[PDB]
2 protein chains.
Amino acid sequence: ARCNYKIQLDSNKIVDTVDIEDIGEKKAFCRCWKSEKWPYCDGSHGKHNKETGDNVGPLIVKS
Amino acid sequence: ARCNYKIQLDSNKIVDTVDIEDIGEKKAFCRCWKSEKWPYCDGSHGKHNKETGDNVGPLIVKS
Ligand code: FES
Ligand code: FES
């Protein structure tokens with residue numbers, strides 16, 4: 001049971017790097033692998049959780 | 001097909017918040033929902049990807 005059906009399926013391993021000096025006030029990062037704005041959250045987690053009963057959600061990095 | 005079988009299954013929605021002033025040099029955050037050090041990566045993604053063919057990996061936040 002894989003988790004990612006959408007993001008860079010050609011890649012062997014998806015690791016994203018961000019510098020704190022690009023966060024601004026705050027940024028929300030996707031942990032559900034469904035965002036169309038990867039690696040940022042775009043709210044797609046909500047439909048996923050409703051359909052599946054899951055409870056996943058983003059990481060908020062703040063300043 | 002839910003993604004999270006491990007983290008706070010009582011919770012309706014798992015949103016984590018971190019302040020950049022707690023990153024230090026860098027921190028790696030789990031996006032595979034298998035870490036025993038949630039919300040940080042503990043390398044559990046590697047066994048998951050080997051078993052399933054998946055390609056998920058952490059978010060690295062650096063300074
Ligand atoms: S779109 Fe994936 S966690 Fe929000
Ligand atoms: S342990 Fe989950 S992304 Fe590394």
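Counting starts at 1 for both ligands and their atoms, following the listed order. First the proteins, then the strands, lettered A, B, ... as listed; each starts at 1. For the numbers below, each heavy atom of this structure counts, side chains included, while hydrogens, waters and symmetry mates do not.
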Check: Does B/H45 bring an N, O or S atom to within less than 2.8 Å of atom 2 (Fe) of ligand 2?
Finding: no
Margin query: Check A/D42 with A/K37, please: is the shortest side-chain N to carboxylate O separation under 4.0 Å?
Written below: no
Note to self: With rounding to the nearest 0.5 angstrom, report the CZ to CG distance, A/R31 to A/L59.
What the structure shows: 5.5 Å
Check: Taking both backbone and side chain into account, is any N, O or S atom of A/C41 nearer than 2.8 Å to atom 4 (Fe) of ligand 1?
Finding: yes
Next item on the list: Using modelled atom types only, decide if a donor and an acceptor are shared between the side chain of B/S35 and the backbone of B/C30 within a distance under 3.5 Å.
Entry: no
Check: Which of the numbered atoms in ligand 1 are below 4.0 angstrom from a heavy atom of A/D42?
Finding: 1 (S)
Next item on the list: Check each atom of ligand 1 against the heavy atoms of A/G43 and keep those under 4.0 Å away; list them by number with element.
Entry: 1 (S)
Margin query: Quick check on side-chain contact (heavy atoms from CB on, under 4.5 Å): which of A/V18, A/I20, A/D19 does A/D22 satisfy it with?
Written below: A/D19
Notebook entry, point to check: Going by the atom numbers of ligand 2, which of them fall below 4.0 Å from some non-hydrogen atom of B/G57?
Noted result: 3 (S)
Item checked: atom 3 (S) of ligand 1 [closest protein heavy-atom partner, distance rounded to 0.1 Å] -> A/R31 N, 3.4 Å
Next item on the list: Mark yes or no for whether B/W33, through its side chain, and A/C3, through its backbone, hold a donor-acceptor pair below 3.5 Å.
Entry: no
Item checked: Contact flag A/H48/atom 2 (Fe) of ligand 1, N/O/S atoms, threshold under 2.8 Å -> no
Next item on the list: Could you verify whether a donor N or O on one side chain and an acceptor N or O on the other, from A/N49 and A/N55, lie under 3.5 Å apart?
Entry: no
